[PDB]
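Below is one structure; the comments refer to it alone.
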Amino acid sequence: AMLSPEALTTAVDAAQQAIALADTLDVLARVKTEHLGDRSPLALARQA
RNA sequence: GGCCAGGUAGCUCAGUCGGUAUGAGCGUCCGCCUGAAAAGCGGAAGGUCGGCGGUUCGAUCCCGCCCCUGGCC
Numbered sequence: 000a001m002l003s004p005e006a007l008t009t010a011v012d013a014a015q016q017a018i019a020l021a022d023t024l025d026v027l028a029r030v031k032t033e034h035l036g037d038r039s040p041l042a043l044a045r046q047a
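Note that the authors' numbering has the first sequence beginning at 0, numbered continuously upward.
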């Protein structure tokens with residue numbers, strides 16, 4: 000099982016950092032697809 | 001008024017009685033391509049699955065109410 004507490008924290012810390020570096024709404028939409036869509040790292044985690 | 005059957009992507013519709021709708025066709029975007037296009041080929045974006053709540057670690061799928069189409073009245 001690859002859902003350790005430091006595994007999800009590695010994804011959230013990388014997601015919130017990219018969200019913090021989103022300066023326009025178009026960039027945020029691209030970040031949303033990579034960190035909250037059905038192909039995000041959290042997606043493969045929640046799919047298991 | 002009854003037990004049902006339906007509301008799902010921009011359009012027209014499939015599909016699942018709990019952890020991915022690997023959704024389809026067409027519509028939208030990028031690349032190869034063309035003077036520029038389209039087709040073709042190869043990549044992608046986009047749905048809070050009818051609304052408000054209930055159960056649950058987690059609900060398009062299970063409970064209750066309501067909204068709107070139909071079938072029978």
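We treat Cβ as the ideally placed atom computed from N, Cα and C, and that holds for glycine.
Counted within 10 angstroms of its Cβ, other Cβ atoms place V30 as buried (16 or more) or exposed: The count along the first sequence starts at 1 and reaches residue 30 at position 31. With 16 or more other Cβ atoms within 10 Å, it is buried.
Is the CB-CB distance between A42 and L2 below 8 angstroms? In the first sequence, counting from the first residue as 1, residue 42 sits at position 43. In the first sequence, counting from the first residue as 1, residue 2 sits at position 3. Their beta carbons are not under 8 angstroms apart, which means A42 does not touch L2 by this criterion.
Does DSSP put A6 in a helix, a strand or coil? As a first step, residue 6 must be located in the first sequence, where it is residue number 7. The answer is helix: DSSP assigns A6 an H, G or I state.
Whole angstroms are fine: how far does the CA of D22 sit from the CA of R38? Translated into positions along the first sequence, residue 38 becomes position 39. Translated into positions along the first sequence, residue 22 becomes position 23. Linking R38 to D22 through their CA atoms gives a straight-line distance of about 22 angstroms.
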